[PDB]
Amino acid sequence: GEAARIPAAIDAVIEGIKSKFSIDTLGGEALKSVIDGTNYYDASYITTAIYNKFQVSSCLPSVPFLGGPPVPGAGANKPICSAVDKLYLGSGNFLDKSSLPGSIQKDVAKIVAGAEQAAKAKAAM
């Protein structure tokens, strides 16, 4: 059942990502189209892929290059920015450009661990 196992693990991690980060089905297929390799267990690669495809850098406030006031950011209206804000910026919580990748990576690692733990055990039973 090796083919079933590798395809099913990929589907499970994609579904976990879509659940945690409130990513629509379309974003799920966008992630699937690059995660189909044997990179589905590496939270680092998934975090970089999420950053690139969903433009998480555009969620944070930015300051103009030649001088200006801080602005909300190009993607602040996109759903990914609202999801990131709820997940990592509550009342009494803090965030910076360096901390966000690690937080997203930790949660993606939880997704991968849970997906394969549950998949292996049910199939073995």
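Sequential numbering from 1, following the sequence displayed.
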Higher mean Cα B-factor in the deposited model: 47 to 55 or 30 to 38? 30 to 38
Lowest, middle or highest third: where is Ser103 by Cα B-factor in its chain? lowest
CA B-factor placement of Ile14, once the chain's modelled residues are sorted into thirds: lowest
Sorting the chain's modelled residues by C-alpha B-factor and splitting them into thirds places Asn93 in the middle
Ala74: which third of its chain by C-alpha temperature factor? highest
